[PDB]
Amino acid sequence: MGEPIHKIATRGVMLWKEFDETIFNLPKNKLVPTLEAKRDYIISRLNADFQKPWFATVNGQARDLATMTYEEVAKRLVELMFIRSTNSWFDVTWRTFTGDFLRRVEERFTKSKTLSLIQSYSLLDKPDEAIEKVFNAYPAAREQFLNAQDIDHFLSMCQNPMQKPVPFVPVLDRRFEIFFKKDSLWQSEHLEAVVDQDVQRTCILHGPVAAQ
Amino acid sequence: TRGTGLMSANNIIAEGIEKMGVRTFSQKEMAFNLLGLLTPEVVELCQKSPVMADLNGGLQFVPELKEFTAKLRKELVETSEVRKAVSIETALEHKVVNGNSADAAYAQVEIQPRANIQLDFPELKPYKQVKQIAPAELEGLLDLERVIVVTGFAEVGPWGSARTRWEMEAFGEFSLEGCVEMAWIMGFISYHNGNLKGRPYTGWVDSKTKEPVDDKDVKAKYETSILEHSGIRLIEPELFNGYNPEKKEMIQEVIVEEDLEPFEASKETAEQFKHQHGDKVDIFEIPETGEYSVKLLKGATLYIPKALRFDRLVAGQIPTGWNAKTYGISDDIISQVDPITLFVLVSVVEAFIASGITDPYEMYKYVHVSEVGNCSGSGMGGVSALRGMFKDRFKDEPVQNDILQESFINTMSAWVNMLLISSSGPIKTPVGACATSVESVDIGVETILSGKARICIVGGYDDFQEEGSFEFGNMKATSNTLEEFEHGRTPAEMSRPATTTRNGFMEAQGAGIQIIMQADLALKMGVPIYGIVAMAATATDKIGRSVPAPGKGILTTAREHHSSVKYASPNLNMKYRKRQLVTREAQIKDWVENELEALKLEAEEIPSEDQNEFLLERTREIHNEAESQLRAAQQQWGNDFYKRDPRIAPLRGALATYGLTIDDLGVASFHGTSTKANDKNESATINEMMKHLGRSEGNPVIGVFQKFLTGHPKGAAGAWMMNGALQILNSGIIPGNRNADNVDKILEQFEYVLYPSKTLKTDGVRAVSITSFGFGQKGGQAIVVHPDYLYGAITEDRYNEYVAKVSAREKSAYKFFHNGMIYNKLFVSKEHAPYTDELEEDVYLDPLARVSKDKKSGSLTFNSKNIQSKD
Amino acid sequence: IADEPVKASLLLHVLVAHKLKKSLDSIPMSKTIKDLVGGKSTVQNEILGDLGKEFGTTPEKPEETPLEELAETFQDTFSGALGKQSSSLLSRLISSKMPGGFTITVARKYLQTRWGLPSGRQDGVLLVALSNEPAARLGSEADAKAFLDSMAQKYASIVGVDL
Amino acid sequence: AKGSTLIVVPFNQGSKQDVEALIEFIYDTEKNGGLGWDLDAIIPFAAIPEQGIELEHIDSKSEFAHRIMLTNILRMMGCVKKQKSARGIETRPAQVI
Amino acid sequence: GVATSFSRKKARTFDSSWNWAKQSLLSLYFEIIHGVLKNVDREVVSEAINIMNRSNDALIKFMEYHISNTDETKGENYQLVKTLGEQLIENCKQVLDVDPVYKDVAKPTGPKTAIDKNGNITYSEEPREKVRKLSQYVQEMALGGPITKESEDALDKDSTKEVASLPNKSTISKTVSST
Ligand SMILES: NC(=O)c1ccc[n+]([C@@H]2O[C@H](COP(=O)([O-])OP(=O)(O)OC[C@H]3O[C@@H](n4cnc5c(N)ncnc54)[C@H](OP(=O)(O)O)[C@@H]3O)[C@@H](O)[C@H]2O)c1
Ligand SMILES: *OP(=O)(O)OCC(C)(C)[C@@H](O)C(=O)NCCC(=O)NCCSC(=O)CC(C)=O
């Protein structure tokens with residue numbers, strides 16, 4: 001909303017400041033052109049620095065949702081939303097997101113009316129076995145990029161108001177400020193759910209004078 | 001007798017009746033017993049005195065049969081209704097006692113299929129599997145710059161695209177993907193993404209009511225409307241500028257007998273009436289307004305409209321709802337061009353997609369702009385524009401000023417260049433009537449072998465309009481629809497090639513396009529390869545005074561000299577040819593050694609500062625002349641061994657190139673118009689080709705008459721046939737002629753032709769022949785060989801590099817296709833050429849200029865540093 | 001006026017009502033086909049055949065499903081065009097009941113001129129005309145136009161339109 | 001099988017005129033646009049289902065079905081006899097099953 | 001209901017058995033290779049009868065070419081179509097000049113009405129247990145039953161052997177009429 005905040009000058013906060021001065025201070029008619037021109041730089045910064053990495057990143061390589069397979073997407077959703085240390089989904093609404101996605105994978109790749117292999121999302125509490133089980137029934141989805149109707153569904157699931165915002169940027173568009181700055185405070189108390197567990201990604205509120 | 005019209009209602013009690021030791025018969029059993037009465041013994045018995053055959057199974061001995069029937073049916077209904085009521089009550093008792101939480105862990109989730117439309121790129125086998133089918137000697141023997149491959153194809157016709165048409169042709173019903181693709185084409189469904197009645201929806205919606213449509217619900221909701229409005233059907237006036245063949249407008253010239261009541265018309269229009277009529281009209285100024293009073297006098301010519309009933313009411317029209325907008329063409333292009341041009345632009349972008357080329361300018365990474373040809377043509381061109389300028393202009397209607405340029409046959413190919421390709425390649429537009437598309441392939445081949453191009457768009461297109469429809473009826477070429485109705489035939493069954501009763505062709509409309517290129521370039525680019533164009537030939541017939549009469553010219557392609565055939569020629573034997581190539585490869589090596597030695601001797605006399613330049617230039621020249629000599633030998637012993645040999649038919653040698661015999665030409669895609677002269681003459685031509693080339697008795701070619709489904713689209717006919725041939729090659733499925741009720745008894749004399757009525761799923765087709773017989777003696781033939789014959793001519797590494805590049809490009813192609821389908825932007829007109837007007841001359845005049853990715857705009861363009869560069 | 005395609009709920013009603021030879025109000029939607037027929041499976045199978053012909057597909061248990069739940073199951077896949085059964089029944093109504101000279105197209109004209117009802121709502125009036133089929137052929141043109149008037153008012157009442 | 005032939009023809013057994021015309025067509029020469037046959041067997045198995053029609057409910061559909069299943073079988077056998085007798089065919093009776 | 005339906009112009013002739021014989025054979029050939037028809041299916045024996053009833057010199061040469069070019073080393077299926085093919089070529093040579101024969105080899109069926117636990121009535125045509133040929137059905141019919149009284153084959157095990165037996169007119173030792 002443009003209200004000033006005192007945060008520790010971590011790498012993620014210094015990226016937040018850079019974007020406040022060169023991307024988010026622009027009028028809406030010049031925002032999308034600047035995001036399309038800076039794309040490659042922006043994604044490199046998000047992946048190195050910020051606490052919400054660029055979602056479409058398959059083993060260091062900066063892709064887009066359009067150029068990711070359905071396996072790639074599923075295994076990225078588990079990598080970002082499921083905490084290996086506690087061996088549980090950081091939020092239940094994230095497990096729902098990942099289940100909804102794995103069911104869409106079945107819908108897209110099945111030839112006839114069948115039973116979902118994910119009967120209850122409670123089965124995703126072993127996510128690597130749930131994924132293998134889905135992408136063994138439908139091995140075509142290991143080698144196909146996302147159908148553009150499934151990109152639009154995935155981004156529509158990312159904007160659901162009745163779930164914890166997704167811990168990543170899925171797209172550079174008109175809504176990039178909302179993706180980048182929404183739900184920015186919990187991370188500092190739960191570094192187990194941050195990318196490298198690196199504090200330097202996160203936003204920690206603190207006073208300049210009381211820091212003495 | 002169980003399961004008949006009269007006794008199906010009693011089936012449930014039939015098991016009960018059998019418990020009285022009564023026998024109830026199956027229809028088969030009861031027929032068997034009845035056919036026992038027609039045996040000669042019972043017939044001989046019937047001729048003496050009447051015969052009474054009790055085939056009752058003891059039913060007459062059931063006392064009070066209705067009482068027993070009524071009992072058994074009541075007991076069965078009672079048991080049913082009891083068990084249904086007790087089951088419902090026990091399930092409501094178990095639900096109240098344990099609650100609604102008990103049947104929530106027991107309930108399961110149901111997954112409904114979404115339509116996942118595939119581009120059906122050819123399946124690439126492992127290098128071990130493809131190396132078995134080709135002879136071992138083929139590796140290195142072919143020059144791949146001189147092997148033509150089809151890398152992409154598409155059509156717009158009565159059944160939609162090549163994907164939908166193939167489904168209907170081969171299977172006779174649509175899958176989920178087929179239905180959704182037809183529903184999208186015909187504008188029954190659009191894609192919605194965003195808020196829909198508050199709730200956010202991402203999927204298909206009905207296009208009129210904007211109500212959501214699940215992909216499962218598409219077939220139920222639209223199949224009947226999609227079938228009713230596709231393929232051969234009654235001419236729809238909405239599609240043809242209000243043209244109704246029942247009420248066909250002409251004008252009678254009458255002489256005026258009594259002076260018509262004056263009418264008010266402008267001063268210009270009144271002077272134009274006075275110039276025409278002379279003293280038979282009186283124009284007078286009205287001082288009040290300045291308009292003129294035009295009075296026609298006794299004896300003035302006048303024209304009164306009358307309507308004629310025409311007897312051709314059926315045609316293969318593009319599915320109702322088809323709209324170039326749906327594919328992404330803008331309204332400024334649609335207004336400007338003739339609708340045949342729109343079928344072409346869609347077919348061209350759809351063929352680039354099937355090639356996995358989303359951006360045509362990609363081609364300019366690999367070839368010079370002067371190396372991309374457009375060898376495609378039409379039979380009659382833009383007949384909507386002709387009707388504009390001959391008839392609508394005469395009636396002082398509003399017609400655009402450039403309508404002439406839209407009529408030209410060569411104008412569709414121009415709009416493809418001006419909107420998509422922006423090449424400076426060859427542009428040879430054939431006009432072959434019904435053979436155009438095969439004449440297109442032959443020109444596109446000769447262009448790529450002569451080295452003037454490395455890629456041709458080829459194919460054909462034609463439209464259906466009132467005037468053509470009429471003049472094809474006046475020649476009696478087309479089927480009379482009133483006669484077909486008198487004979488019981490529905491529209492669907494009016495196109496029936498090779499049938500006793502065939503009586504003229506069904507007119508259709510549409511376009512078909514193939515992208516052909518050199519194999520050496522297709523392997524480099526990693527485009528899919530659907531087939532090899534082994535041979536393509538045209539032929540006139542002979543002296544005669546009937547332009548529409550088909551003839552036997554194309555028989556020349558099997559011309560072979562059988563005076564001296566005692567001992568097999570070495571030249572046909574691939575080992576011999578490979579041995580002579582290896583012998584010549586050793587000499588080319590010794591020629592490169594001897595030219596490098598001679599360059600070392602010459603470089604000494606050049607000073608030691610200029611030496612680097614001179615050795616670079618002269619080394620490159622040597623490398624060129626070494627490749628030139630290797631490729632010329634490969635051509636001489638691999639590709640062109642049979643051009644000078646009168647003992648090897650052009651048709652035999654095309655197959656022999658890839659180690660196929662004449663017996664390995666499994667399918668013949670016949671022109672098969674459903675005319676009396678065409679279908680006999682075609683069978684007889686194929687039969688005489690195969691007989692002369694010694695095709696093994698008992699191995700007929702399997703005729704394929706695609707025009708039973710599509711109707712004859714004239715220009716486009718062979719383009720469609722080719723697209724079908726490629727779909728047979730890559731699938732192994734040979735579609736049958738579902739209108740071949742009864743094959744014409746005359747065609748039994750041709751032992752080497754089989755005419756199936758149903759789809760055969762073979763174990764593979766190695767080659768397909770396509771024949772066409774246009775008006776004006778245009779015969780034509782093309783052979784197409786399964787692409788897996790090519791992969792035996794390359795090494796494992798080059799194959800595996802290819803397989804990886806095609807996999808990557810098939811994935812990018814699927815991406816581009818689905819994004820374009822849902823956002824109505826498959827077709828994306830180019831704004832600018834790949835060069836600015838300042839570089840135009842510089843790019844044309846450098847044959848090594850290539851496009852590269854411009855870092856700012858992200859779009860392939862020529863950069864001034866890559867033009868007459870050293871690198 | 002506003003052109004609407006005939007609802008499946010009216011078509012279904014009229015087809016059942018005509019087959020049982022009862023008025024539309026005499027047939028309640030709540031009841032199932034099996035209840036209405038009254039233990040005569042022949043007539044049940046004749047209705048099922050007529051609906052199967054008219055709508056193309058049927059549900060899995062059309063016998064036990066109530067008429068409002070069949071009308072909703074058909075509307076999901078129903079377009080608005082009459083079909084092969086309605087068209088034939090209307091042709092047999094018009095031929096058998098209208099005076100010699102009055103055809104279907106004259107009825108369609110009269111409804112487009114007198115009332116101003118378009119083709120979509122003409123089809124609806126003709127279906128209401130089928131449901132209340134008179135006993136003997138109408139003697140003159142004037143009582144045939146007076147019948148079409150009474151069916152327009154009935155159609156307007158049931159659908160909820162003002163003429 | 002080899003030497004077999006199947007002619008399919010539209011036909012309403014209920015119509016007397018269709019019965020007479022179909023038999024004329026089977027017996028008429030190929031010149032006159034018929035088949036030039038001479039039947040060896042007739043198997044008149046047409047029939048419509050009459051169902052839930054008691055004595056009191058006998059009306060049009062029953063009187064019509066009775067025409068199909070009896071009256072026009074007798075008329076068909078009549079027609080075949082009149083066609084054989086006109087050509088003096090006394091030694092090739094047609095078996096009626 | 002007395003409306004005329006018949007016109008001479010609407011008659012459809014079907015007489016092209018010479019074409020369909022070859023298509024029938026090619027369909028059977030590929031249905032075996034793809035595994036849609038197996039060596040225990042009565043559909044193979046039915047298609048064999050229907051092909052033999054359309055045997056002529058052209059159909060024999062067609063079989064000779066397709067069967068003699070079949071590689072018996074591509075699979076079990078290719079060996080099976082080669083074996084069945086050579087047997088069908090022999091049968092088609094034997095019955096070249098013989099008249100074609102009506103010969104049903106379909107499994108005879110009886111009525112079965114079942115009501116499940118939920119009360120839904122389902123009628124099927126279930127195969128009979130005593131009667132598995134038509135020869136056995138003619139015997140069952142000859143013996144009659146209690147209400148009427150006053151006062152070796154290779155079917156469903158080896159379709160190839162049953163085919164081999166097709167052209168051989170079995171001599172009936174004693175007729176069913178004696179029993
Ligand atoms: N004065 C100060 O110094 C100070 C300091 C810190 C924060 N704050 C205030 O605190 C408020 C929130 O903090 P913020 O900075 O994190 O702003 P924010 O990003 O706008 O708020 C967090 C959002 O995350 C969503 N969310 C998170 N978990 C969720 C779950 N399990 N289910 C549903 N929704 C979930 C909520 O969406 P919905 O509301 O749409 O459900 C919520 O609006 C702000 O208004 C801010 O001004 C003030
Ligand atoms: O509505 P339903 O309960 O499913 O039908 C009940 C019955 C069977 C009673 C009904 O269809 C009906 O009334 N049918 C007519 C009686 C009947 O079945 N007659 C048979 C005519 S054929 C025949 O009789 C063949 C033969 C043995 O010669």
# chains A, B, ... in the order shown; residues from 1 in each chain; ligands from 1

call {"tool": "residues_near_ligand", "arguments": {"ligand": "ligand 2", "cutoff": "10 Å", "atoms": "only C-alpha atoms and all ligand atoms", "output": "PyMOL selection string"}}
result
(chain B and resi 1-2+4-13+24+56+59-60+66+69-70+73-74+77) or (chain C and resi 37+39-46) or (chain D and resi 47-54)

call {"tool": "residues_around", "arguments": {"residues": "residue 137 (chain E)", "least_positions_apart": "4", "cutoff": "12 Å", "atoms": "only C-alpha atoms", "output": "PyMOL selection string"}}
result
(chain B and resi 23+25-26+28-30+32-33) or (chain E and resi 104-110+128-133+141-144+176)

call {"tool": "closest_atom_pairs", "arguments": {"of": "chain A", "to": "chain B", "cutoff": "6 Å", "atoms": "only C-alpha atoms", "output": "CSV"}}
result
residue,atom,partner,partner_atom,distance
A:107,CA,B:113,CA,4.7
A:108,CA,B:114,CA,4.9
A:110,CA,B:113,CA,5.5
A:113,CA,B:112,CA,5.0
A:114,CA,B:111,CA,5.6
A:115,CA,B:110,CA,5.0
A:116,CA,B:109,CA,5.7
A:148,CA,B:819,CA,5.4
A:153,CA,B:202,CA,6.0

call {"tool": "write_last_selection", "arguments": {"atoms": "N, CA and C atoms", "output": "PDB file, in the first residue's frame"}}
result
ATOM      1  N   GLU A 107      -6.631 -36.120 -14.959  1.00  0.00           N
ATOM      2  CA  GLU A 107      -7.737 -35.672 -15.849  1.00  0.00           C
ATOM      3  C   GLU A 107      -7.185 -35.482 -17.270  1.00  0.00           C
ATOM      4  N   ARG A 108      -6.031 -34.831 -17.407  1.00  0.00           N
ATOM      5  CA  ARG A 108      -5.456 -34.447 -18.724  1.00  0.00           C
ATOM      6  C   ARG A 108      -4.979 -35.701 -19.458  1.00  0.00           C
ATOM      7  N   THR A 110      -5.622 -39.148 -18.845  1.00  0.00           N
ATOM      8  CA  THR A 110      -6.442 -40.383 -18.871  1.00  0.00           C
ATOM      9  C   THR A 110      -7.292 -40.410 -20.137  1.00  0.00           C
ATOM     10  N   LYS A 113     -12.991 -42.566 -18.081  1.00  0.00           N
ATOM     11  CA  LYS A 113     -13.427 -42.306 -16.682  1.00  0.00           C
ATOM     12  C   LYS A 113     -12.811 -43.395 -15.789  1.00  0.00           C
ATOM     13  N   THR A 114     -12.003 -42.996 -14.801  1.00  0.00           N
ATOM     14  CA  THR A 114     -11.237 -43.883 -13.876  1.00  0.00           C
ATOM     15  C   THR A 114     -11.356 -43.342 -12.449  1.00  0.00           C
ATOM     16  N   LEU A 115     -10.821 -44.089 -11.485  1.00  0.00           N
ATOM     17  CA  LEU A 115     -10.680 -43.661 -10.072  1.00  0.00           C
ATOM     18  C   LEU A 115      -9.389 -42.861  -9.935  1.00  0.00           C
ATOM     19  N   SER A 116      -9.455 -41.717  -9.248  1.00  0.00           N
ATOM     20  CA  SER A 116      -8.259 -40.946  -8.826  1.00  0.00           C
ATOM     21  C   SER A 116      -7.343 -41.877  -8.038  1.00  0.00           C
ATOM     22  N   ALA A 148      -1.552 -25.316 -22.130  1.00  0.00           N
ATOM     23  CA  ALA A 148      -1.771 -23.904 -21.771  1.00  0.00           C
ATOM     24  C   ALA A 148      -3.062 -23.733 -20.941  1.00  0.00           C
ATOM     25  N   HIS A 153      -5.052 -22.733 -15.245  1.00  0.00           N
ATOM     26  CA  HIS A 153      -5.608 -23.352 -14.021  1.00  0.00           C
ATOM     27  C   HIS A 153      -4.631 -23.162 -12.868  1.00  0.00           C
TER      28      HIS A 153
END

call {"tool": "atom_distance", "arguments": {"atom1": "CA of residue 45 (chain D)", "atom2": "CA of residue 122 (chain E)"}}
result
28.5 Å

call {"tool": "atom_distance", "arguments": {"atom1": "CA of residue 119 (chain E)", "atom2": "CA of residue 88 (chain B)"}}
result
10.4 Å

call {"tool": "closest_atom_pairs", "arguments": {"of": "chain C", "to": "chain B", "cutoff": "10 Å", "atoms": "only C-alpha atoms", "output": "Markdown table"}}
result
| residue | atom | partner | partner_atom | distance |
| --- | --- | --- | --- | --- |
| C:41 | CA | B:9 | CA | 9.4 |
| C:42 | CA | B:9 | CA | 9.1 |
| C:45 | CA | B:9 | CA | 10.0 |
| C:56 | CA | B:224 | CA | 8.8 |
| C:57 | CA | B:220 | CA | 8.2 |
| C:74 | CA | B:221 | CA | 9.9 |
| C:75 | CA | B:221 | CA | 9.6 |
| C:76 | CA | B:221 | CA | 7.3 |
| C:77 | CA | B:221 | CA | 4.4 |
| C:78 | CA | B:221 | CA | 7.1 |
| C:79 | CA | B:221 | CA | 7.8 |

call {"tool": "write_last_selection", "arguments": {"atoms": "C-alpha atoms", "output": "mmCIF file, in the first residue's frame"}}
result
data_model
loop_
_atom_site.group_PDB
_atom_site.id
_atom_site.type_symbol
_atom_site.label_atom_id
_atom_site.label_comp_id
_atom_site.auth_asym_id
_atom_site.auth_seq_id
_atom_site.Cartn_x
_atom_site.Cartn_y
_atom_site.Cartn_z
ATOM 1 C CA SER C 41 -45.212 -51.718 -19.799
ATOM 2 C CA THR C 42 -46.135 -51.476 -23.494
ATOM 3 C CA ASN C 45 -41.751 -48.570 -23.708
ATOM 4 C CA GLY C 56 -31.116 -39.016 -29.105
ATOM 5 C CA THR C 57 -29.716 -40.331 -25.745
ATOM 6 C CA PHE C 74 -32.034 -33.631 -21.359
ATOM 7 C CA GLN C 75 -31.490 -29.762 -21.094
ATOM 8 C CA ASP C 76 -27.686 -30.354 -20.489
ATOM 9 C CA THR C 77 -27.470 -31.856 -24.096
ATOM 10 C CA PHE C 78 -30.714 -30.367 -25.656
ATOM 11 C CA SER C 79 -30.164 -27.618 -28.327
#

call {"tool": "atom_distance", "arguments": {"atom1": "atom 19 (O, counted along the ligand's line) of ligand 1", "atom2": "CA of residue 181 (chain A)"}}
result
6.5 Å

call {"tool": "closest_residue", "arguments": {"among": "B:94, B:720, B:688, B:589", "to": "residue 153 (chain B)", "atoms": "only C-alpha atoms"}}
result
B:720

call {"tool": "residues_around", "arguments": {"residues": "residue 8 (chain D)", "least_positions_apart": "4", "cutoff": "8 Å", "atoms": "only C-alpha atoms", "output": "number ranges by chain"}}
result
E: 11-13

call {"tool": "write_last_selection", "arguments": {"atoms": "C-alpha atoms", "output": "PDB file, in the first residue's frame"}}
result
ATOM      1  CA  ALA E  11     -32.964 -51.581 -55.408  1.00  0.00           C
ATOM      2  CA  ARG E  12     -29.331 -52.091 -54.211  1.00  0.00           C
ATOM      3  CA  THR E  13     -27.501 -55.120 -55.755  1.00  0.00           C
TER       4      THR E  13
END

call {"tool": "residues_near_ligand", "arguments": {"ligand": "ligand 1", "cutoff": "9 Å", "atoms": "only C-alpha atoms and all ligand atoms", "output": "CSV table (one decimal) with N, CA, C and O atoms, in the first residue's frame"}}
result
chain,number,residue,atom,x,y,z
A,1,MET,N,0.8,-1.2,0.0
A,1,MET,CA,0.0,0.0,0.0
A,1,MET,C,0.9,1.3,0.0
A,1,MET,O,0.3,2.4,0.1
A,3,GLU,N,3.3,2.1,2.4
A,3,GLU,CA,3.6,2.5,3.8
A,3,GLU,C,5.0,2.1,4.1
A,3,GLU,O,5.4,0.9,3.9
A,5,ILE,N,8.3,0.7,6.0
A,5,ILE,CA,8.6,-0.4,7.0
A,5,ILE,C,10.1,-0.4,7.2
A,5,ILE,O,10.9,-0.4,6.2
A,6,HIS,N,10.5,-0.5,8.5
A,6,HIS,CA,12.0,-0.8,8.8
A,6,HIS,C,12.2,-2.3,8.9
A,6,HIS,O,11.5,-2.9,9.7
A,91,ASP,N,2.0,-26.0,5.2
A,91,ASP,CA,0.6,-25.6,5.4
A,91,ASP,C,-0.3,-26.7,4.8
A,91,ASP,O,0.1,-27.3,3.8
A,92,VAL,N,-1.5,-26.9,5.3
A,92,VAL,CA,-2.4,-28.0,4.7
A,92,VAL,C,-2.9,-27.5,3.4
A,92,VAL,O,-3.1,-28.4,2.5
A,93,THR,N,-3.1,-26.2,3.2
A,93,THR,CA,-3.7,-25.6,1.9
A,93,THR,C,-2.7,-25.8,0.8
A,93,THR,O,-3.2,-25.7,-0.4
A,160,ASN,N,-6.2,-18.1,-5.5
A,160,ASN,CA,-7.2,-18.6,-4.5
A,160,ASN,C,-7.0,-17.7,-3.3
A,160,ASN,O,-5.9,-17.7,-2.7
A,161,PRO,N,-8.0,-17.0,-2.8
A,161,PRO,CA,-7.9,-16.2,-1.5
A,161,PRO,C,-8.0,-17.0,-0.2
A,161,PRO,O,-7.4,-16.6,0.8
A,162,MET,N,-8.7,-18.2,-0.3
A,162,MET,CA,-8.9,-19.1,0.9
A,162,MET,C,-7.8,-20.1,1.0
A,162,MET,O,-8.1,-21.3,1.4
A,163,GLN,N,-6.5,-19.7,0.8
A,163,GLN,CA,-5.3,-20.5,1.0
A,163,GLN,C,-4.1,-19.6,1.3
A,163,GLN,O,-4.1,-18.5,0.9
A,164,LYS,N,-3.1,-20.2,2.0
A,164,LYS,CA,-1.9,-19.5,2.4
A,164,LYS,C,-1.2,-19.2,1.0
A,164,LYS,O,-1.0,-20.1,0.2
A,165,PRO,N,-0.9,-17.9,0.7
A,165,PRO,CA,-0.2,-17.6,-0.5
A,165,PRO,C,0.9,-18.5,-0.8
A,165,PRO,O,1.6,-18.9,0.2
A,178,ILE,N,2.0,-7.9,-5.9
A,178,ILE,CA,1.2,-8.8,-5.0
A,178,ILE,C,1.9,-10.1,-4.8
A,178,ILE,O,2.0,-10.5,-3.7
A,181,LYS,N,5.4,-9.2,-2.7
A,181,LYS,CA,5.3,-8.6,-1.3
A,181,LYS,C,4.2,-9.2,-0.4
A,181,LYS,O,4.3,-8.9,0.8
A,182,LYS,N,3.3,-10.1,-0.9
A,182,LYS,CA,2.2,-10.7,0.0
A,182,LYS,C,2.9,-11.7,0.9
A,182,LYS,O,3.7,-12.5,0.4
A,183,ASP,N,2.5,-11.7,2.2
A,183,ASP,CA,2.7,-12.7,3.2
A,183,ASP,C,4.2,-12.9,3.4
A,183,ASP,O,4.8,-14.0,3.1
A,184,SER,N,4.9,-11.8,3.8
A,184,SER,CA,6.3,-11.6,3.8
A,184,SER,C,7.0,-11.8,5.1
A,184,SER,O,8.2,-11.7,5.2
A,185,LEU,N,6.2,-12.1,6.2
A,185,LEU,CA,6.7,-11.9,7.6
A,185,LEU,C,6.9,-13.2,8.3
A,185,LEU,O,7.7,-13.2,9.3
A,186,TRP,N,6.1,-14.3,8.0
A,186,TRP,CA,6.2,-15.6,8.7
A,186,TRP,C,7.5,-16.3,8.5
A,186,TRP,O,7.9,-17.1,9.3
A,205,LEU,N,11.5,-7.5,10.5
A,205,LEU,CA,11.2,-6.1,10.9
A,205,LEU,C,12.0,-5.7,12.2
A,205,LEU,O,12.2,-6.6,13.0

call {"tool": "select_by_dssp", "arguments": {"residues": "region 251-390 of chain B", "states": "strand (DSSP E)", "output": "ChimeraX atom specification"}}
result
/B:251-255,263-265,281-285,292-296,301-308,314-316,372-374,377-378

call {"tool": "decode", "arguments": {"residues": "region 67-72 of chain D", "atoms": "N, CA, C and O atoms", "output": "compact mmCIF listing (two decimals), in the first residue's frame"}}
result
# COMPACT_ATOMS: atom_id res chain seq x y z
N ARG D 67 -53.30 -57.28 -42.08
CA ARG D 67 -53.15 -57.09 -43.56
C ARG D 67 -51.73 -57.49 -43.94
O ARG D 67 -51.60 -58.28 -44.86
N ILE D 68 -50.74 -57.00 -43.21
CA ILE D 68 -49.32 -57.39 -43.37
C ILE D 68 -49.15 -58.91 -43.25
O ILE D 68 -48.49 -59.49 -44.10
N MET D 69 -49.68 -59.51 -42.20
CA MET D 69 -49.27 -60.85 -41.73
C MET D 69 -50.14 -61.98 -42.28
O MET D 69 -49.73 -63.14 -42.04
N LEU D 70 -51.26 -61.66 -42.92
CA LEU D 70 -52.14 -62.63 -43.61
C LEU D 70 -52.51 -62.08 -44.98
O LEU D 70 -52.05 -62.66 -45.98
N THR D 71 -53.36 -61.07 -45.05
CA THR D 71 -54.08 -60.72 -46.31
C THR D 71 -53.08 -60.52 -47.44
O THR D 71 -53.35 -61.06 -48.49
N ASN D 72 -52.00 -59.80 -47.20
CA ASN D 72 -50.97 -59.50 -48.22
C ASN D 72 -49.93 -60.61 -48.35
O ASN D 72 -49.08 -60.47 -49.25
